[PDB]
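Data first, discussion second: the structure below is written as structure tokens.
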Amino acid sequence: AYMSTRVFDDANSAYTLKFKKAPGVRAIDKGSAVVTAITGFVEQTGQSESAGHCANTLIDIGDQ
Amino acid sequence: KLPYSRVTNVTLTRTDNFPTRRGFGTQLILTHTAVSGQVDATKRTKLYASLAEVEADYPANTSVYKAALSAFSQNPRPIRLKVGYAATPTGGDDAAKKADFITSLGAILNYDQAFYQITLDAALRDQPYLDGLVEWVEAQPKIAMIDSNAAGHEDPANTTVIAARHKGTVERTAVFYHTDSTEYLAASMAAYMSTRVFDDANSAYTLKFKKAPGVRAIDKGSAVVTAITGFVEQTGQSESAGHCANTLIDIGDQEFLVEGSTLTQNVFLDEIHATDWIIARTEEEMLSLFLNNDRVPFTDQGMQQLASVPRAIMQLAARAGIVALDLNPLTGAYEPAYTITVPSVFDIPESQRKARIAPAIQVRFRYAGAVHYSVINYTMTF
Amino acid sequence: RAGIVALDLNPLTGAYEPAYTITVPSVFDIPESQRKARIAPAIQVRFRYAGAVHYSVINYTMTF
Amino acid sequence: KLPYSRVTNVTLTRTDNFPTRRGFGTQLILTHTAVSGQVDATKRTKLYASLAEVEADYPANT
Amino acid sequence: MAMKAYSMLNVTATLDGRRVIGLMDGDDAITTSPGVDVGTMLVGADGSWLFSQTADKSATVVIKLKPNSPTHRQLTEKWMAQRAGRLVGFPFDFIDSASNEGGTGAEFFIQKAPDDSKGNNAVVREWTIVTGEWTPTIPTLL
Amino acid sequence: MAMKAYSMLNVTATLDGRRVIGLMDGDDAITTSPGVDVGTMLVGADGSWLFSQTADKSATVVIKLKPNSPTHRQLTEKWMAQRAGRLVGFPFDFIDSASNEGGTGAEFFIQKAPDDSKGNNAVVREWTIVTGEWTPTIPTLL
Amino acid sequence: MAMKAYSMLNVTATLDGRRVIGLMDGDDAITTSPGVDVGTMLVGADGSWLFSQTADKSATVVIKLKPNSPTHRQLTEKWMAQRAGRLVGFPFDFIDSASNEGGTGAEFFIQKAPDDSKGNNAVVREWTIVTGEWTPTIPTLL
Amino acid sequence: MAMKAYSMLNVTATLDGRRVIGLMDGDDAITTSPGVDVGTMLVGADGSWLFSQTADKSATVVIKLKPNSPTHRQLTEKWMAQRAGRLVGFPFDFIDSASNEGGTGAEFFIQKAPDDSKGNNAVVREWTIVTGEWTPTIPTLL
Amino acid sequence: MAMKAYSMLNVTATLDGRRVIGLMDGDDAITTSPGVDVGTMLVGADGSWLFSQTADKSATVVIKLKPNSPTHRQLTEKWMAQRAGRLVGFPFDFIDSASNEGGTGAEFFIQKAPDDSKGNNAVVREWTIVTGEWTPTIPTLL
């Protein structure tokens, strides 16, 4: 729905992240130290395999 | 016929309403009381909208209602206090042990991160286990404030009180020393501190040093107001000759806060508040940059795009009056107020490039203070 | 052009390095025993990926 | 909710920082003191990066 | 840290967070000019003099674009937002990495809109933006 | 949906329902310009500033034609209708299919009439029309 | 609550319940002025002084309109109602949403009527109204 | 019933039954102004107020003509009739068909006579007429 | 102690304890003028003369502000306090640090209030204040 309508035939059309993207309408999950067991993401080091399990959860930080 | 309430709705109540005047922050009220309908293990914290709509916490309980009473009682008002469930167990199963209190503190972040100023009120006062809060808010982007109802800070010699056993070593905590039965942290913080908008010109309240709360009472004395607040007349503030706190003295017919909420010997509350506004604003602008662009590439062009954010924030901050005016304070010669240096990804190896963690950008400061004390000489010649 | 392939510079040192190469094989020494297959020999191509940024750091020293 | 430290990292220290401005050379500081963790017969000389990161030599030794 | 020769490959301009991309040809594609003179000398009938310095630190920048550039679309959306009645800042910033020369402004506004000419060959689209506060950055690499 | 390069074969202009056909040579055959500046910056004696935005959304367009074109006949009939005392709108619209850039205006009026020069070679006939409301279209194909 | 720059798109004026719409061009389209000076200083032959403050809080407002505006029709009907002998209040009110500056008056009256000039181009129609009580509103957004 | 833009081709003025034809150049060729102010506000020493409305509904109109116009001949005959001692009304009326704005007066009189200047180029001839009763017409087309 | 050239960055004005901030553009943003002439020469029919000096030391100051300035809000609150009936002094003071030229007055009063004009661009707001005693300061730096 967002991945599909990506046209790489234009200049500078590399959405290399897919990392901060808003869907049409949906709801968030909850937590702060539970969002690192899922997605296995440590703060500044990167992403560690032993310290979590990779997935995607649609967090909210500000009002976004 | 028909009433006019068919097409309009005009009412009338007997209450006091002040304008809203949104501002910066929110405070936290942690106690052991639970209301069972809104914090009962489902909400380690709970938000609100206004005081009047409070029903879950009894309008007579000393902890929440009597503290939100002075939290919401400034002439412009803050909104959405962050109500409590945090350390519902009494300090610790072994009371003297602070480990349970530290773990309780470490398990209340995991629900909510929207509070900036931490206040305990009407209970937990003068507990030895409170040392965990002082040790813990260090290296934690918050502000810890403890208002005693009574202690022995009036002896410029004793070392057992809160402000003595931690004096000159902590730079993010302060004490609101007073007499019995008044909630004080809520009186000024998060009620005057909250409605401070740094997005306007000349909005630097650098002091917080002569400010009137809504309604309250003064303490008493003259040589007891220097054991507390550790303030000597013209020298400044000395660590050995007193203990820093805030007492709301009255001099003329006016009553106002005094010492400007110090934390250690010469560290004031507005410095922390303003720099934390700077940090929280750079965070918001960085996030707003990641949501507009398709991507931010891992090149030098991307580094400059990222560094464009602190450049705007520093110009915003120098306008409010937080950053200094481009002149050497020693000699008055020209000196840059702030600099921003952007690193190179070029010689950072591809071994580290695959991290998707950008290198660090470094920024430079200079603070612009304000005046607490004045001198006039008045020679007479006849 | 889209931004998927890198910009012709060594990511370690910033020195010049080709982003991609294409090497074409010879049918010449591939035997006629295999030529009658109507299956062409393999062409080999070389890459370099251009990533993007997920996390930022700012230091903010203060001097008063 | 979640902190902003989930996607960025903004800090603040109270120190003095000047630009780097690389140049030509290096100097040598020879004495008789040994630190036993970084020169102990394994390094007749030892390099560094910055002063603040000094721990091996005591911040009070002359 | 060798002094890089000039190149438009090493100049970066950021408008409301996004890059500026499709620029016209010429030596003047982004130009910033101060609003007024820095000062004024006043000489009297006797030969004495007095200098006066202004407190106005404002500037305009002119951006010349091609008819096919995403920045043209971004600026034409900003123009319609202003025409609707929504009036906010939108920072602009640009710098040169070879010398650290440039400047920033935290609140800009659209001042002039381009002319849509069709004709036989494609032609320029010139936008103008204005700020009340522009601070140049010091070129520390000379 | 490949981005087509520019071409006058893919630009269409509609005046009162009919197409615009015989255009002169040059890079400026139909040009639209806004009536005024979008805004104004006001800087005081102390360094503070204030921006002000206008509510005027009007434009003119200039059309350059050959002496042998049906659009010249259409415009000279519209001019005589206005001179008689009949004053109505007559929409004008033009767009580019390659980028969706253009604009529309539902009520135009003749503002300037051309000069009839005979001479040795044939020359331009320039018309000018004005509207009180011009809304640009957003180029959604960049 | 960002301080909006000035714009006539965000000023609203209400005359007898209806909006004021077709205004002339210029920086002075609705102007209100107090009736008298606020006070007077009286200095005697010896150097002593005395200030005196007035109790008169009245004002006039001048509205400049185009010859084609519904407010001109509304005001010319109010003028004829007054000429017939019917004398009532008709409130007037206007404010700026960017700063909350303005004022209100619950009872106004027509004081001057415009001149009907035809000529070659269209020209202003200026009305004047007067009240005995005008209370300015406090700009709480500065 | 489209709102016609302004044009002097659609304004008609009738003086004593005949049309007004040769008018001078400018934006003020026929202008009517009311005789007095509509009312007066009276504020007392205590802050109370009182409005008073007049019963005088009179106006003058000024007509600017060229030295070669039949209306100049008509007005100079009316002037001589008045100088002889014959004093009658002679209605004047003018209106705009685009908006129905104008007014009528059933009895006018000559008040000022023009100056006969010869010089090198031709110049204006300005007449003034006065009535005791002028009723504006309501612009029903806005 | 070098004589600084003139600059509005080094002039400070204090009204009731607070600074004056948003000033209009021009060479006359704060101007103070004495109330009367210093003296009068009286020459008789014979050629003898007599000078007379006044004891009146009073002045007014005029402050020109933008429509978006906190000093406008402060002055409009002071105006309403005076209209309520509360009459006190409110000192005003301003000086130039380059030459030590200026003056002070311990008790001022509002004398004139500005006009609220909306229009198309933003315009001045002029306040006037008056004192019964104004003492200039001596410029000791020439």
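Note on naming: chains are A, B, ... as they come in the structure tokens, residues start from 1 per chain, ligands start from 1 in the order shown.
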Based on only C-alpha atoms, which of the residues in chain D come within 12 Å of chain B? I want them as a PyMOL selection string. chain D and resi 1-21
Export C-alpha atoms of the chosen residues as an mmCIF file, in the first residue's frame?
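Generated file (out02.cif):
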```
data_model
loop_
_atom_site.group_PDB
_atom_site.id
_atom_site.type_symbol
_atom_site.label_atom_id
_atom_site.label_comp_id
_atom_site.auth_asym_id
_atom_site.auth_seq_id
_atom_site.Cartn_x
_atom_site.Cartn_y
_atom_site.Cartn_z
ATOM 1 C CA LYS D 1 4.300 7.076 25.587
ATOM 2 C CA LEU D 2 7.898 6.762 24.425
ATOM 3 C CA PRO D 3 10.872 9.112 24.816
ATOM 4 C CA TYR D 4 12.452 10.994 21.955
ATOM 5 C CA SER D 5 15.633 9.067 22.784
ATOM 6 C CA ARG D 6 14.037 6.232 20.806
ATOM 7 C CA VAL D 7 15.008 7.890 17.506
ATOM 8 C CA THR D 8 17.670 10.480 18.456
ATOM 9 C CA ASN D 9 20.233 11.150 21.169
ATOM 10 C CA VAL D 10 20.690 14.747 22.350
ATOM 11 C CA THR D 11 22.875 15.369 25.404
ATOM 12 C CA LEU D 12 24.351 18.349 27.273
ATOM 13 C CA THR D 13 27.555 18.656 29.309
ATOM 14 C CA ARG D 14 29.213 21.582 31.107
ATOM 15 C CA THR D 15 32.695 21.710 29.569
ATOM 16 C CA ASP D 16 34.751 23.733 27.068
ATOM 17 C CA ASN D 17 35.215 22.458 23.516
ATOM 18 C CA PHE D 18 37.353 24.051 20.809
ATOM 19 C CA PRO D 19 37.675 23.073 17.141
ATOM 20 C CA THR D 20 40.233 20.426 16.301
ATOM 21 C CA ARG D 21 42.498 22.081 13.690
#
```
Spatial neighbours of residue 101 (chain I), 9 Å, only C-alpha atoms, chain gap at least 3 places, as a PyMOL selection string: chain I and resi 94-98+136-142
Could you write out that same residue set with N, CA, C and O atoms as an mmCIF file, in the first residue's frame?
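again_30.cif was written with the following content:
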```
data_model
loop_
_atom_site.group_PDB
_atom_site.id
_atom_site.type_symbol
_atom_site.label_atom_id
_atom_site.label_comp_id
_atom_site.auth_asym_id
_atom_site.auth_seq_id
_atom_site.Cartn_x
_atom_site.Cartn_y
_atom_site.Cartn_z
ATOM 1 N N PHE I 94 14.713 57.649 29.396
ATOM 2 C CA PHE I 94 15.503 57.095 28.305
ATOM 3 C C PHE I 94 16.800 57.872 28.155
ATOM 4 O O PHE I 94 16.886 59.054 28.487
ATOM 5 N N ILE I 95 17.819 57.179 27.653
ATOM 6 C CA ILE I 95 19.176 57.707 27.630
ATOM 7 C C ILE I 95 19.928 57.034 26.494
ATOM 8 O O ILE I 95 19.532 55.978 26.008
ATOM 9 N N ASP I 96 21.016 57.660 26.061
ATOM 10 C CA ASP I 96 21.933 57.100 25.079
ATOM 11 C C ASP I 96 23.274 56.852 25.754
ATOM 12 O O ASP I 96 23.855 57.769 26.336
ATOM 13 N N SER I 97 23.765 55.615 25.678
ATOM 14 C CA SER I 97 25.007 55.275 26.359
ATOM 15 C C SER I 97 26.232 55.849 25.669
ATOM 16 O O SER I 97 27.291 55.945 26.295
ATOM 17 N N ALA I 98 26.122 56.220 24.396
ATOM 18 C CA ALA I 98 27.271 56.756 23.682
ATOM 19 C C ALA I 98 27.621 58.168 24.126
ATOM 20 O O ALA I 98 28.796 58.545 24.098
ATOM 21 N N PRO I 136 16.485 67.291 31.771
ATOM 22 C CA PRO I 136 17.471 66.666 30.891
ATOM 23 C C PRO I 136 18.745 66.323 31.640
ATOM 24 O O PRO I 136 19.150 66.999 32.586
ATOM 25 N N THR I 137 19.382 65.252 31.198
ATOM 26 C CA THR I 137 20.669 64.847 31.733
ATOM 27 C C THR I 137 21.773 65.493 30.906
ATOM 28 O O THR I 137 21.600 65.749 29.712
ATOM 29 N N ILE I 138 22.889 65.787 31.556
ATOM 30 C CA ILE I 138 23.993 66.474 30.877
ATOM 31 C C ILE I 138 24.816 65.456 30.098
ATOM 32 O O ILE I 138 25.267 64.453 30.679
ATOM 33 N N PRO I 139 25.033 65.648 28.799
ATOM 34 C CA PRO I 139 25.904 64.724 28.069
ATOM 35 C C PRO I 139 27.362 64.936 28.431
ATOM 36 O O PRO I 139 28.021 65.824 27.889
ATOM 37 N N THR I 140 27.891 64.096 29.316
ATOM 38 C CA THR I 140 29.244 64.311 29.809
ATOM 39 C C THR I 140 30.289 63.727 28.874
ATOM 40 O O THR I 140 31.477 64.036 29.011
ATOM 41 N N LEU I 141 29.871 62.897 27.922
ATOM 42 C CA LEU I 141 30.753 62.367 26.893
ATOM 43 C C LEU I 141 30.669 63.160 25.598
ATOM 44 O O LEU I 141 31.136 62.687 24.556
ATOM 45 N N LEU I 142 30.071 64.349 25.644
ATOM 46 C CA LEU I 142 29.879 65.217 24.484
ATOM 47 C C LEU I 142 29.073 64.522 23.391
ATOM 48 O O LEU I 142 27.927 64.882 23.133
#
```
What are the closest atom pairs, with distances in Å to one decimal, for each residue of chain A lying within 10 Å of chain F, using only C-alpha atoms, rows by chain and rising residue number, as a tab-separated table?
```
residue	atom	partner	partner_atom	distance
A:7	CA	F:1	CA	9.7
A:9	CA	F:2	CA	8.2
A:10	CA	F:3	CA	8.5
```
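Atom pair CA of residue 72 (chain G) / CA of residue 9 (chain G) has a distance of 20.2 Å (rounded to one decimal).
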At most 6 Å to chain C: residues in chain A, only C-alpha atoms, as a PyMOL selection string: chain A and resi 11-14
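Within chain C, the backbone-based DSSP assignment of helix (DSSP H, G or I) covers residues 32, 33, 34 and 35 of chain C.
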Near-residue 27 (chain A) list (12 Å; only C-alpha atoms; drop same-chain fewer than 4 positions) as a count of residues only: 7
Write down as a PyMOL selection string the residues of chain A whose backbone DSSP state falls under strand (DSSP E or B). chain A and resi 38+41+47+53
Output the selection as a PDB file, in the first residue's frame - C-alpha atoms for each residue.
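Saved to result.pdb:
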```
ATOM      1  CA  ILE A  38      10.170  -6.556  20.249  1.00  0.00           C
ATOM      2  CA  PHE A  41      16.560  -2.279  18.922  1.00  0.00           C
ATOM      3  CA  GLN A  47      20.086  -3.717  16.678  1.00  0.00           C
ATOM      4  CA  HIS A  53      13.198 -10.175  18.513  1.00  0.00           C
TER       5      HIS A  53
END
```
